[PDB]
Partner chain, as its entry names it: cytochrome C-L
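Quick setup: one chain, the form deposited without the partner chain, written in structure tokens, and binding and motion questions come after.
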């Protein structure tokens, strides 16, 4: 796959790793809707608002299967470690008007 998943569970915002590239979620938006990272970087999404959100990549984007990330409650987080250059678009499953992308380069 073009990304690996360190934790299938969401985890606490305080548990975010040094060196992770953070995208905050608040006001029903991904706060960095276009993020540029390098191969091998870990991107960590952190939900900063009461409304639960996830990240969802359709099939073929990160690998053969869709990746429907777990729902993050407020102050929960979720990571992906990207292993291949490319453009990876995602959305929020319950809120598909929320869109972003990670460009790995």
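Numbering follows the first chain given and starts at 1.
Another form exists, deposited with the partner chain bound; not displayed. Remarks below refer to it.
Student: Answer with yes or no whether residue 60 is in contact with the partner chain in the deposited bound form, where contact means some heavy atom within 4.5 Å.
Tutor: Contact check for residue 60: no, nothing within 4.5 Å of the partner chain in the deposited bound form.
Student: Though only this chain appears here, would residue 40 touch the partner chain in the deposited bound form if you measure heavy atom gaps against 4.5 Å?
Tutor: Heavy-atom contact with the partner chain at 4.5 Å: absent for residue 40.
Student: Is residue 64 close enough to touch the partner chain in the deposited bound form, meaning at least one heavy atom pair within 4.5 Å?
Tutor: Residue 64 lies outside the contact set for the partner chain.
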